[PDB]
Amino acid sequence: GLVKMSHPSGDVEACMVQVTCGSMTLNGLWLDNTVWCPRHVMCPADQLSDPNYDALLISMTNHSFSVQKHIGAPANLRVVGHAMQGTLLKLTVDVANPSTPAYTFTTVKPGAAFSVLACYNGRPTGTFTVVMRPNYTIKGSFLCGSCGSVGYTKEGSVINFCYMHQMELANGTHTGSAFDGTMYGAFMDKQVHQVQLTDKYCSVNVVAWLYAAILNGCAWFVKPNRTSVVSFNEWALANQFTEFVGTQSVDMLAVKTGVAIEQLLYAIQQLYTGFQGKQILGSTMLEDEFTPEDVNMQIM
């Protein structure tokens, strides 16, 4: 009973713009008087292989950037200021966005989930939820012209913006910026080829998923045997597994099932070996794309 859920995209659609510098164009996020977009917008296609953004910046001026609002309330958008921030450009416009929602800037830790709004030419086209892999990449769907799309969560009315798209790596694997400018996984926003670290299973999400299995009757894998957290984080470091860090959302699951964290840590150790042709909520491989928060809100 567990489906990939995203926040309703509206609030964010009200903030998407197109940013242009010469002929290069991408997506931006118009919050109040500021417009954020990736800095590789300044760089001509020729210098993309080794750009000199400190050069490009000083070489640029407000007349280099044109911002346009293609959706909903149309907009006369004029830049009056610019700064670069890590891999992020911080343009200043003269009209505050009236549809600016309550927002903050938190950097996601691995394993956590967030919604992302897939935009092209400052026009939203699709929404989908991802999880921040331990190798600090994401398995989204992103095409030509999608940079500057945004990733956001939402507690209450506050949108926590967390991700701006930037690049694609090997096949299908993507990464980007936190809004403090820093690229996740210390990747370089250049057209060079770059190698990713190895992807690990987020152990906490596996735990949640097993909990959701218990909640839907699929419990055959629950044995009395228990492996500690301290012991688990040790076996974990040598089997492509993340340190298990327990949270109160996990304790809540542990009570309504009466099955302890350490019971499901020990099963994880057996099930990575092989299901031996068995299913848990329809799958043969451990699921790590669902958070304990997810399982709580969804199977509540």
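Start at 1 and count along the sequence shown; that's the residue number.
K.L.:
Of 50-58 and 23-31, which one has the bigger average CA B-factor?
P.N.:
The stretch with the larger mean CA B-factor is 50-58.
K.L.:
Given the B-factors recorded for C-alpha atoms, which segment has the greater mean, 256-264 or 65-73?
P.N.:
Between 65-73 and 256-264, it is 65-73.
K.L.:
Based on the PDB record, which member of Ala96, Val192, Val207, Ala213 exhibits the highest Cα temperature factor?
P.N.:
It is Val192.
K.L.:
Highest Cα temperature factor in the entry, among the options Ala83, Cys162, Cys147, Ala219: which one is it?
P.N.:
Result of the comparison over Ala83, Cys162, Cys147, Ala219: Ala83.
K.L.:
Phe241: which third of its chain by C-alpha temperature factor?
P.N.:
Middle third of the chain for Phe241's C-alpha B-factor.
K.L.:
According to the PDB entry, is the CA B factor of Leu2 in the bottom, middle or top third of its chain, that is, lowest, middle or highest?
P.N.:
Answer is highest: the recorded C-alpha B-factor places it there.
K.L.:
Give the position of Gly181 by CA B-factor within its chain, expressed as the lowest, middle or highest third.
P.N.:
For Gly181, the deposited C-alpha B-factor lands in the middle third.
K.L.:
Going by the recorded CA B-factors, say which third of the chain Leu281 sits in, lowest, middle or highest.
P.N.:
According to the entry, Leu281 has a C-alpha B-factor in the chain's highest third.
K.L.:
Sorting the chain's CA B-factors, does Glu287 end up in the lowest, middle or highest third?
P.N.:
Tercile = highest for this residue's CA B-factor.
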